[PDB]
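> Structure: data-v4.cif, mmCIF, N, CA and C atoms.
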data_input
#
loop_
_atom_site.group_PDB
_atom_site.id
_atom_site.type_symbol
_atom_site.label_atom_id
_atom_site.label_comp_id
_atom_site.auth_asym_id
_atom_site.auth_seq_id
_atom_site.Cartn_x
_atom_site.Cartn_y
_atom_site.Cartn_z
ATOM 1 N N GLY A 1 -13.510 10.757 -15.389
ATOM 2 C CA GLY A 1 -12.826 11.285 -14.222
ATOM 3 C C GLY A 1 -13.751 12.074 -13.316
ATOM 4 N N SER A 2 -14.091 11.492 -12.171
ATOM 5 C CA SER A 2 -14.979 12.146 -11.215
ATOM 6 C C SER A 2 -14.189 12.725 -10.047
ATOM 7 N N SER A 3 -14.876 13.471 -9.188
ATOM 8 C CA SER A 3 -14.238 14.086 -8.029
ATOM 9 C C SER A 3 -13.763 13.024 -7.043
ATOM 10 N N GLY A 4 -12.481 13.078 -6.696
ATOM 11 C CA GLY A 4 -11.924 12.115 -5.764
ATOM 12 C C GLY A 4 -10.677 12.632 -5.072
ATOM 13 N N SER A 5 -9.708 11.747 -4.860
ATOM 14 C CA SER A 5 -8.463 12.120 -4.199
ATOM 15 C C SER A 5 -7.322 12.215 -5.206
ATOM 16 N N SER A 6 -6.257 12.910 -4.819
ATOM 17 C CA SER A 6 -5.098 13.082 -5.688
ATOM 18 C C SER A 6 -4.188 11.860 -5.628
ATOM 19 N N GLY A 7 -3.786 11.488 -4.416
ATOM 20 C CA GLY A 7 -2.917 10.339 -4.243
ATOM 21 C C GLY A 7 -2.289 10.289 -2.864
ATOM 22 N N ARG A 8 -2.911 9.540 -1.959
ATOM 23 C CA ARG A 8 -2.409 9.413 -0.597
ATOM 24 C C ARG A 8 -1.151 8.549 -0.559
ATOM 25 N N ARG A 9 -0.202 8.932 0.288
ATOM 26 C CA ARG A 9 1.049 8.193 0.419
ATOM 27 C C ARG A 9 1.121 7.480 1.766
ATOM 28 N N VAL A 10 1.500 6.207 1.737
ATOM 29 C CA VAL A 10 1.610 5.414 2.956
ATOM 30 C C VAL A 10 2.907 4.612 2.974
ATOM 31 N N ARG A 11 3.220 4.030 4.127
ATOM 32 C CA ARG A 11 4.434 3.236 4.277
ATOM 33 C C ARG A 11 4.158 1.970 5.084
ATOM 34 N N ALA A 12 4.872 0.898 4.756
ATOM 35 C CA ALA A 12 4.705 -0.372 5.450
ATOM 36 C C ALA A 12 5.498 -0.394 6.753
ATOM 37 N N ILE A 13 4.798 -0.222 7.868
ATOM 38 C CA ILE A 13 5.436 -0.221 9.179
ATOM 39 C C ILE A 13 5.962 -1.608 9.533
ATOM 40 N N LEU A 14 5.441 -2.624 8.855
ATOM 41 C CA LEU A 14 5.859 -4.001 9.096
ATOM 42 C C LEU A 14 5.760 -4.831 7.821
ATOM 43 N N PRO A 15 6.608 -5.865 7.721
ATOM 44 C CA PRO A 15 6.634 -6.759 6.559
ATOM 45 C C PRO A 15 5.394 -7.642 6.479
ATOM 46 N N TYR A 16 4.881 -7.825 5.267
ATOM 47 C CA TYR A 16 3.695 -8.646 5.055
ATOM 48 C C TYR A 16 4.015 -9.847 4.170
ATOM 49 N N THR A 17 3.125 -10.835 4.180
ATOM 50 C CA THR A 17 3.311 -12.039 3.380
ATOM 51 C C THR A 17 2.175 -12.215 2.379
ATOM 52 N N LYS A 18 2.325 -11.604 1.208
ATOM 53 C CA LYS A 18 1.313 -11.694 0.163
ATOM 54 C C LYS A 18 0.677 -13.081 0.139
ATOM 55 N N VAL A 19 -0.575 -13.145 -0.302
ATOM 56 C CA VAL A 19 -1.296 -14.410 -0.376
ATOM 57 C C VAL A 19 -0.904 -15.192 -1.625
ATOM 58 N N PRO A 20 -0.743 -16.514 -1.468
ATOM 59 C CA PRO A 20 -0.368 -17.403 -2.572
ATOM 60 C C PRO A 20 -1.489 -17.562 -3.594
ATOM 61 N N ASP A 21 -1.155 -17.375 -4.866
ATOM 62 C CA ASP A 21 -2.134 -17.499 -5.939
ATOM 63 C C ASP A 21 -3.094 -16.313 -5.940
ATOM 64 N N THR A 22 -2.537 -15.107 -5.922
ATOM 65 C CA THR A 22 -3.343 -13.893 -5.918
ATOM 66 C C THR A 22 -2.540 -12.697 -6.418
ATOM 67 N N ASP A 23 -3.200 -11.550 -6.525
ATOM 68 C CA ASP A 23 -2.547 -10.332 -6.990
ATOM 69 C C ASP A 23 -1.707 -9.708 -5.879
ATOM 70 N N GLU A 24 -2.050 -10.026 -4.636
ATOM 71 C CA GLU A 24 -1.328 -9.494 -3.485
ATOM 72 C C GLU A 24 0.168 -9.411 -3.772
ATOM 73 N N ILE A 25 0.841 -8.478 -3.106
ATOM 74 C CA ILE A 25 2.275 -8.296 -3.289
ATOM 75 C C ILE A 25 3.004 -8.290 -1.950
ATOM 76 N N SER A 26 4.208 -8.854 -1.934
ATOM 77 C CA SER A 26 5.008 -8.916 -0.717
ATOM 78 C C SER A 26 5.898 -7.684 -0.588
ATOM 79 N N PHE A 27 5.792 -6.999 0.545
ATOM 80 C CA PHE A 27 6.587 -5.803 0.793
ATOM 81 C C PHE A 27 7.391 -5.940 2.082
ATOM 82 N N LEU A 28 8.295 -4.995 2.312
ATOM 83 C CA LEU A 28 9.130 -5.010 3.509
ATOM 84 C C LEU A 28 8.977 -3.713 4.296
ATOM 85 N N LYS A 29 9.263 -3.776 5.592
ATOM 86 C CA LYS A 29 9.161 -2.606 6.456
ATOM 87 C C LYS A 29 10.007 -1.456 5.918
ATOM 88 N N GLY A 30 9.359 -0.329 5.641
ATOM 89 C CA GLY A 30 10.068 0.827 5.125
ATOM 90 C C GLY A 30 9.709 1.132 3.685
ATOM 91 N N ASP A 31 9.270 0.111 2.957
ATOM 92 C CA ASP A 31 8.893 0.275 1.557
ATOM 93 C C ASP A 31 7.658 1.161 1.428
ATOM 94 N N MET A 32 7.768 2.203 0.610
ATOM 95 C CA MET A 32 6.659 3.127 0.399
ATOM 96 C C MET A 32 5.695 2.588 -0.654
ATOM 97 N N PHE A 33 4.613 3.322 -0.891
ATOM 98 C CA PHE A 33 3.614 2.917 -1.872
ATOM 99 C C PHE A 33 2.838 4.124 -2.390
ATOM 100 N N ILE A 34 1.908 3.875 -3.305
ATOM 101 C CA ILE A 34 1.097 4.941 -3.879
ATOM 102 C C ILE A 34 -0.366 4.523 -3.986
ATOM 103 N N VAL A 35 -1.202 5.093 -3.125
ATOM 104 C CA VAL A 35 -2.627 4.781 -3.124
ATOM 105 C C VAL A 35 -3.309 5.320 -4.376
ATOM 106 N N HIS A 36 -3.784 4.413 -5.222
ATOM 107 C CA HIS A 36 -4.459 4.798 -6.456
ATOM 108 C C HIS A 36 -5.970 4.631 -6.324
ATOM 109 N N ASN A 37 -6.390 3.483 -5.802
ATOM 110 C CA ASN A 37 -7.810 3.199 -5.624
ATOM 111 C C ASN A 37 -8.098 2.746 -4.195
ATOM 112 N N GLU A 38 -9.203 3.232 -3.638
ATOM 113 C CA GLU A 38 -9.591 2.876 -2.278
ATOM 114 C C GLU A 38 -10.662 1.788 -2.285
ATOM 115 N N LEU A 39 -10.242 0.553 -2.034
ATOM 116 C CA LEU A 39 -11.164 -0.578 -2.011
ATOM 117 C C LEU A 39 -11.924 -0.634 -0.690
ATOM 118 N N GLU A 40 -12.732 -1.676 -0.522
ATOM 119 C CA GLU A 40 -13.514 -1.847 0.697
ATOM 120 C C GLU A 40 -12.928 -2.954 1.569
ATOM 121 N N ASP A 41 -13.607 -3.254 2.670
ATOM 122 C CA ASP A 41 -13.155 -4.292 3.587
ATOM 123 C C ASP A 41 -11.718 -4.039 4.030
ATOM 124 N N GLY A 42 -11.308 -2.775 3.997
ATOM 125 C CA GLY A 42 -9.957 -2.422 4.395
ATOM 126 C C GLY A 42 -8.921 -2.849 3.375
ATOM 127 N N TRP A 43 -8.986 -2.260 2.186
ATOM 128 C CA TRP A 43 -8.047 -2.585 1.118
ATOM 129 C C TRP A 43 -7.894 -1.416 0.152
ATOM 130 N N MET A 44 -6.770 -1.382 -0.556
ATOM 131 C CA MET A 44 -6.505 -0.316 -1.515
ATOM 132 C C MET A 44 -5.517 -0.779 -2.582
ATOM 133 N N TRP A 45 -5.748 -0.357 -3.819
ATOM 134 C CA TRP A 45 -4.879 -0.729 -4.929
ATOM 135 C C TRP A 45 -3.684 0.214 -5.025
ATOM 136 N N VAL A 46 -2.610 -0.126 -4.319
ATOM 137 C CA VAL A 46 -1.401 0.689 -4.326
ATOM 138 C C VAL A 46 -0.327 0.073 -5.214
ATOM 139 N N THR A 47 0.849 0.694 -5.229
ATOM 140 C CA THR A 47 1.960 0.207 -6.036
ATOM 141 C C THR A 47 3.290 0.406 -5.319
ATOM 142 N N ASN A 48 3.935 -0.699 -4.961
ATOM 143 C CA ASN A 48 5.219 -0.644 -4.269
ATOM 144 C C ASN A 48 6.256 0.098 -5.106
ATOM 145 N N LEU A 49 6.994 0.996 -4.463
ATOM 146 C CA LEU A 49 8.023 1.772 -5.146
ATOM 147 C C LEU A 49 9.291 0.947 -5.337
ATOM 148 N N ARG A 50 9.482 -0.045 -4.473
ATOM 149 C CA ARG A 50 10.654 -0.908 -4.546
ATOM 150 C C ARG A 50 10.502 -1.937 -5.663
ATOM 151 N N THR A 51 9.392 -2.669 -5.639
ATOM 152 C CA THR A 51 9.126 -3.687 -6.647
ATOM 153 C C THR A 51 8.480 -3.079 -7.886
ATOM 154 N N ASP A 52 7.935 -1.877 -7.734
ATOM 155 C CA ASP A 52 7.287 -1.185 -8.842
ATOM 156 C C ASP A 52 6.134 -2.014 -9.400
ATOM 157 N N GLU A 53 5.371 -2.636 -8.507
ATOM 158 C CA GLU A 53 4.239 -3.461 -8.912
ATOM 159 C C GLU A 53 2.972 -3.046 -8.170
ATOM 160 N N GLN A 54 1.821 -3.347 -8.764
ATOM 161 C CA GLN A 54 0.538 -3.005 -8.161
ATOM 162 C C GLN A 54 -0.073 -4.213 -7.459
ATOM 163 N N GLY A 55 -0.778 -3.959 -6.361
ATOM 164 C CA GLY A 55 -1.403 -5.036 -5.615
ATOM 165 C C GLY A 55 -2.453 -4.536 -4.644
ATOM 166 N N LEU A 56 -2.844 -5.391 -3.706
ATOM 167 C CA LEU A 56 -3.850 -5.030 -2.712
ATOM 168 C C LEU A 56 -3.287 -5.152 -1.299
ATOM 169 N N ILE A 57 -3.194 -4.022 -0.606
ATOM 170 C CA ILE A 57 -2.677 -4.004 0.757
ATOM 171 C C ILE A 57 -3.733 -3.506 1.739
ATOM 172 N N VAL A 58 -3.545 -3.827 3.014
ATOM 173 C CA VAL A 58 -4.479 -3.411 4.054
ATOM 174 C C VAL A 58 -4.023 -2.114 4.714
ATOM 175 N N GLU A 59 -4.984 -1.261 5.054
ATOM 176 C CA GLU A 59 -4.679 0.015 5.693
ATOM 177 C C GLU A 59 -4.291 -0.187 7.154
ATOM 178 N N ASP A 60 -4.244 -1.446 7.579
ATOM 179 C CA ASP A 60 -3.885 -1.776 8.953
ATOM 180 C C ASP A 60 -2.400 -2.109 9.062
ATOM 181 N N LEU A 61 -1.771 -2.365 7.921
ATOM 182 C CA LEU A 61 -0.350 -2.698 7.887
ATOM 183 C C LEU A 61 0.467 -1.540 7.323
ATOM 184 N N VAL A 62 -0.157 -0.369 7.234
ATOM 185 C CA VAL A 62 0.513 0.817 6.715
ATOM 186 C C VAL A 62 0.190 2.044 7.558
ATOM 187 N N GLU A 63 0.927 3.126 7.326
ATOM 188 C CA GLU A 63 0.718 4.365 8.066
ATOM 189 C C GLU A 63 0.644 5.559 7.119
ATOM 190 N N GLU A 64 -0.025 6.618 7.562
ATOM 191 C CA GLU A 64 -0.171 7.823 6.753
ATOM 192 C C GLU A 64 1.091 8.678 6.819
ATOM 193 N N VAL A 65 1.597 9.067 5.654
ATOM 194 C CA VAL A 65 2.800 9.888 5.578
ATOM 195 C C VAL A 65 2.449 11.366 5.445
ATOM 196 N N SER A 66 2.229 12.021 6.581
ATOM 197 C CA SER A 66 1.882 13.437 6.591
ATOM 198 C C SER A 66 2.339 14.098 7.888
ATOM 199 N N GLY A 67 2.891 15.302 7.769
ATOM 200 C CA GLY A 67 3.361 16.022 8.938
ATOM 201 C C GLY A 67 4.248 17.196 8.577
ATOM 202 N N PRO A 68 4.461 18.101 9.545
ATOM 203 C CA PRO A 68 5.295 19.291 9.347
ATOM 204 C C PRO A 68 6.774 18.946 9.207
ATOM 205 N N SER A 69 7.224 17.965 9.983
ATOM 206 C CA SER A 69 8.619 17.540 9.947
ATOM 207 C C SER A 69 9.008 17.071 8.549
ATOM 208 N N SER A 70 10.198 17.468 8.109
ATOM 209 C CA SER A 70 10.688 17.091 6.788
ATOM 210 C C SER A 70 11.042 15.607 6.742
ATOM 211 N N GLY A 71 10.824 14.988 5.586
ATOM 212 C CA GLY A 71 11.124 13.577 5.432
ATOM 213 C C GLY A 71 9.943 12.692 5.777
#
Kindly transcribe the structure held in the file into structure tokens.

Amino acid sequence: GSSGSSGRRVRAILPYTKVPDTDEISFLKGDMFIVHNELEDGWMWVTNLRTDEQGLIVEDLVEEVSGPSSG
């Protein structure tokens, strides 16, 4: 266990179409996730809270969940 991040939270602003014959996962707009590992080429090993599965999503199809406003 080395120095890193705790766990960034993001949300799918739009529905994606996982790739056929791969680990990728299909999510829907509104579905949250949990950033566990930060990959390269714009990718991260997160886990959908709805499907409760792990996969590879792009940081371009998600948004950062942070702010003063509640919720």
> Excluding residue 62 in chain A and its own-chain neighbours fewer than 2 positions away, which residues fall within 6.5 Å of it when counting only N, CA and C atoms? Please give them as a list in words.
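The residues satisfying every condition are residues 10, 11, 12, 13, 14, 58, 59, 60 and 64 of chain A.
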> Would you mind reading off the distance between atom C of residue 57 in chain A and atom C of residue 6 in chain A, one decimal, in Å?
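Those two atoms sit 17.0 Å apart.
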> Work out how far CA of residue 36 in chain A is from atom C of residue 66 in chain A, in Å to one decimal.
18.4 Å
> Distance CA of residue 52 in chain A-CA of residue 33 in chain A, one decimal place?
8.9 Å
> Could you pull out the strand (DSSP E) residues of chain A from DSSP and send them as an NGL selection string?
:A and (10-12 or 37-38 or 44-47 or 54-57 or 62-64)
> Could you check which of A:25, A:15, A:30, A:37 is closest to residue 54 in chain A, using only C-alpha atoms?
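Nearest candidate to residue 54 in chain A out of A:25, A:15, A:30, A:37: A:25.
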> Just range 23-63 of chain A from the block, N, CA and C atoms, as a PDB file, in the first residue's frame, could you?

ATOM      1  N   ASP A  23     -14.013  -6.449 -20.865  1.00  0.00           N
ATOM      2  CA  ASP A  23     -14.391  -6.249 -19.471  1.00  0.00           C
ATOM      3  C   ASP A  23     -15.325  -5.050 -19.328  1.00  0.00           C
ATOM      4  N   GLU A  24     -15.267  -4.143 -20.296  1.00  0.00           N
ATOM      5  CA  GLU A  24     -16.107  -2.950 -20.275  1.00  0.00           C
ATOM      6  C   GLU A  24     -17.497  -3.273 -19.736  1.00  0.00           C
ATOM      7  N   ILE A  25     -18.144  -2.273 -19.147  1.00  0.00           N
ATOM      8  CA  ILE A  25     -19.479  -2.450 -18.590  1.00  0.00           C
ATOM      9  C   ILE A  25     -20.435  -1.379 -19.103  1.00  0.00           C
ATOM     10  N   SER A  26     -21.688  -1.766 -19.320  1.00  0.00           N
ATOM     11  CA  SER A  26     -22.700  -0.839 -19.812  1.00  0.00           C
ATOM     12  C   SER A  26     -23.416  -0.151 -18.654  1.00  0.00           C
ATOM     13  N   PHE A  27     -23.426   1.177 -18.677  1.00  0.00           N
ATOM     14  CA  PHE A  27     -24.076   1.956 -17.630  1.00  0.00           C
ATOM     15  C   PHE A  27     -25.117   2.902 -18.221  1.00  0.00           C
ATOM     16  N   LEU A  28     -25.906   3.523 -17.351  1.00  0.00           N
ATOM     17  CA  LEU A  28     -26.941   4.454 -17.786  1.00  0.00           C
ATOM     18  C   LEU A  28     -26.755   5.819 -17.133  1.00  0.00           C
ATOM     19  N   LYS A  29     -27.282   6.855 -17.777  1.00  0.00           N
ATOM     20  CA  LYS A  29     -27.178   8.214 -17.259  1.00  0.00           C
ATOM     21  C   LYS A  29     -27.739   8.299 -15.843  1.00  0.00           C
ATOM     22  N   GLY A  30     -26.898   8.720 -14.902  1.00  0.00           N
ATOM     23  CA  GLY A  30     -27.328   8.840 -13.522  1.00  0.00           C
ATOM     24  C   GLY A  30     -26.669   7.817 -12.618  1.00  0.00           C
ATOM     25  N   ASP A  31     -26.251   6.698 -13.199  1.00  0.00           N
ATOM     26  CA  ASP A  31     -25.603   5.636 -12.437  1.00  0.00           C
ATOM     27  C   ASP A  31     -24.252   6.101 -11.901  1.00  0.00           C
ATOM     28  N   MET A  32     -24.060   5.957 -10.593  1.00  0.00           N
ATOM     29  CA  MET A  32     -22.812   6.362  -9.956  1.00  0.00           C
ATOM     30  C   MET A  32     -21.756   5.268 -10.084  1.00  0.00           C
ATOM     31  N   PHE A  33     -20.556   5.550  -9.588  1.00  0.00           N
ATOM     32  CA  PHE A  33     -19.460   4.591  -9.648  1.00  0.00           C
ATOM     33  C   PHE A  33     -18.439   4.861  -8.547  1.00  0.00           C
ATOM     34  N   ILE A  34     -17.400   4.034  -8.495  1.00  0.00           N
ATOM     35  CA  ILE A  34     -16.354   4.184  -7.491  1.00  0.00           C
ATOM     36  C   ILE A  34     -14.971   3.994  -8.105  1.00  0.00           C
ATOM     37  N   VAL A  35     -14.236   5.093  -8.246  1.00  0.00           N
ATOM     38  CA  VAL A  35     -12.895   5.047  -8.817  1.00  0.00           C
ATOM     39  C   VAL A  35     -11.924   4.336  -7.882  1.00  0.00           C
ATOM     40  N   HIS A  36     -11.433   3.180  -8.317  1.00  0.00           N
ATOM     41  CA  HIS A  36     -10.493   2.400  -7.519  1.00  0.00           C
ATOM     42  C   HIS A  36      -9.071   2.549  -8.054  1.00  0.00           C
ATOM     43  N   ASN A  37      -8.922   2.414  -9.367  1.00  0.00           N
ATOM     44  CA  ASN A  37      -7.615   2.533 -10.004  1.00  0.00           C
ATOM     45  C   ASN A  37      -7.663   3.521 -11.167  1.00  0.00           C
ATOM     46  N   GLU A  38      -6.623   4.341 -11.282  1.00  0.00           N
ATOM     47  CA  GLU A  38      -6.548   5.330 -12.351  1.00  0.00           C
ATOM     48  C   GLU A  38      -5.660   4.836 -13.489  1.00  0.00           C
ATOM     49  N   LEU A  39      -6.289   4.356 -14.556  1.00  0.00           N
ATOM     50  CA  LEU A  39      -5.556   3.852 -15.713  1.00  0.00           C
ATOM     51  C   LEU A  39      -5.070   4.999 -16.592  1.00  0.00           C
ATOM     52  N   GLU A  40      -4.463   4.655 -17.722  1.00  0.00           N
ATOM     53  CA  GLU A  40      -3.952   5.657 -18.651  1.00  0.00           C
ATOM     54  C   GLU A  40      -4.841   5.755 -19.889  1.00  0.00           C
ATOM     55  N   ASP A  41      -4.426   6.580 -20.843  1.00  0.00           N
ATOM     56  CA  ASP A  41      -5.183   6.764 -22.075  1.00  0.00           C
ATOM     57  C   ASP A  41      -6.627   7.151 -21.775  1.00  0.00           C
ATOM     58  N   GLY A  42      -6.841   7.761 -20.613  1.00  0.00           N
ATOM     59  CA  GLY A  42      -8.179   8.171 -20.225  1.00  0.00           C
ATOM     60  C   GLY A  42      -9.057   6.998 -19.841  1.00  0.00           C
ATOM     61  N   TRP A  43      -8.690   6.314 -18.763  1.00  0.00           N
ATOM     62  CA  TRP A  43      -9.451   5.163 -18.291  1.00  0.00           C
ATOM     63  C   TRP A  43      -9.255   4.957 -16.793  1.00  0.00           C
ATOM     64  N   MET A  44     -10.213   4.284 -16.163  1.00  0.00           N
ATOM     65  CA  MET A  44     -10.142   4.020 -14.731  1.00  0.00           C
ATOM     66  C   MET A  44     -10.970   2.791 -14.364  1.00  0.00           C
ATOM     67  N   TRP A  45     -10.456   1.992 -13.437  1.00  0.00           N
ATOM     68  CA  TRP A  45     -11.148   0.786 -12.998  1.00  0.00           C
ATOM     69  C   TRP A  45     -12.160   1.107 -11.902  1.00  0.00           C
ATOM     70  N   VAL A  46     -13.383   1.431 -12.308  1.00  0.00           N
ATOM     71  CA  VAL A  46     -14.442   1.758 -11.361  1.00  0.00           C
ATOM     72  C   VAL A  46     -15.409   0.592 -11.194  1.00  0.00           C
ATOM     73  N   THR A  47     -16.462   0.811 -10.411  1.00  0.00           N
ATOM     74  CA  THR A  47     -17.461  -0.222 -10.169  1.00  0.00           C
ATOM     75  C   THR A  47     -18.860   0.378 -10.075  1.00  0.00           C
ATOM     76  N   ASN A  48     -19.710   0.039 -11.038  1.00  0.00           N
ATOM     77  CA  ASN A  48     -21.078   0.543 -11.063  1.00  0.00           C
ATOM     78  C   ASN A  48     -21.828   0.146  -9.795  1.00  0.00           C
ATOM     79  N   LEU A  49     -22.538   1.103  -9.209  1.00  0.00           N
ATOM     80  CA  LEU A  49     -23.302   0.854  -7.992  1.00  0.00           C
ATOM     81  C   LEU A  49     -24.616   0.148  -8.309  1.00  0.00           C
ATOM     82  N   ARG A  50     -25.102   0.334  -9.531  1.00  0.00           N
ATOM     83  CA  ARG A  50     -26.350  -0.284  -9.960  1.00  0.00           C
ATOM     84  C   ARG A  50     -26.140  -1.760 -10.289  1.00  0.00           C
ATOM     85  N   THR A  51     -25.169  -2.036 -11.154  1.00  0.00           N
ATOM     86  CA  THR A  51     -24.867  -3.405 -11.554  1.00  0.00           C
ATOM     87  C   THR A  51     -23.923  -4.072 -10.561  1.00  0.00           C
ATOM     88  N   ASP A  52     -23.251  -3.260  -9.752  1.00  0.00           N
ATOM     89  CA  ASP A  52     -22.318  -3.771  -8.756  1.00  0.00           C
ATOM     90  C   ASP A  52     -21.211  -4.586  -9.417  1.00  0.00           C
ATOM     91  N   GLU A  53     -20.722  -4.100 -10.553  1.00  0.00           N
ATOM     92  CA  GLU A  53     -19.663  -4.785 -11.285  1.00  0.00           C
ATOM     93  C   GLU A  53     -18.509  -3.834 -11.588  1.00  0.00           C
ATOM     94  N   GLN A  54     -17.322  -4.398 -11.791  1.00  0.00           N
ATOM     95  CA  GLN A  54     -16.139  -3.600 -12.088  1.00  0.00           C
ATOM     96  C   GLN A  54     -15.845  -3.600 -13.585  1.00  0.00           C
ATOM     97  N   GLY A  55     -15.327  -2.480 -14.081  1.00  0.00           N
ATOM     98  CA  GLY A  55     -15.010  -2.371 -15.493  1.00  0.00           C
ATOM     99  C   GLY A  55     -14.098  -1.200 -15.794  1.00  0.00           C
ATOM    100  N   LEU A  56     -14.013  -0.830 -17.067  1.00  0.00           N
ATOM    101  CA  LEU A  56     -13.168   0.284 -17.486  1.00  0.00           C
ATOM    102  C   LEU A  56     -13.994   1.363 -18.179  1.00  0.00           C
ATOM    103  N   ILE A  57     -14.053   2.540 -17.565  1.00  0.00           N
ATOM    104  CA  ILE A  57     -14.807   3.655 -18.125  1.00  0.00           C
ATOM    105  C   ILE A  57     -13.892   4.836 -18.434  1.00  0.00           C
ATOM    106  N   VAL A  58     -14.357   5.725 -19.306  1.00  0.00           N
ATOM    107  CA  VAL A  58     -13.583   6.900 -19.686  1.00  0.00           C
ATOM    108  C   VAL A  58     -13.965   8.108 -18.838  1.00  0.00           C
ATOM    109  N   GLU A  59     -12.973   8.929 -18.506  1.00  0.00           N
ATOM    110  CA  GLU A  59     -13.207  10.120 -17.696  1.00  0.00           C
ATOM    111  C   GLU A  59     -13.885  11.211 -18.518  1.00  0.00           C
ATOM    112  N   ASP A  60     -14.187  10.897 -19.774  1.00  0.00           N
ATOM    113  CA  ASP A  60     -14.837  11.850 -20.665  1.00  0.00           C
ATOM    114  C   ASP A  60     -16.349  11.641 -20.676  1.00  0.00           C
ATOM    115  N   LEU A  61     -16.785  10.490 -20.176  1.00  0.00           N
ATOM    116  CA  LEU A  61     -18.207  10.166 -20.128  1.00  0.00           C
ATOM    117  C   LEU A  61     -18.734  10.237 -18.698  1.00  0.00           C
ATOM    118  N   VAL A  62     -17.945  10.836 -17.811  1.00  0.00           N
ATOM    119  CA  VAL A  62     -18.333  10.973 -16.412  1.00  0.00           C
ATOM    120  C   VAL A  62     -18.002  12.363 -15.884  1.00  0.00           C
ATOM    121  N   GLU A  63     -18.522  12.680 -14.702  1.00  0.00           N
ATOM    122  CA  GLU A  63     -18.282  13.980 -14.087  1.00  0.00           C
ATOM    123  C   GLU A  63     -17.865  13.823 -12.627  1.00  0.00           C
TER     124      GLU A  63
END
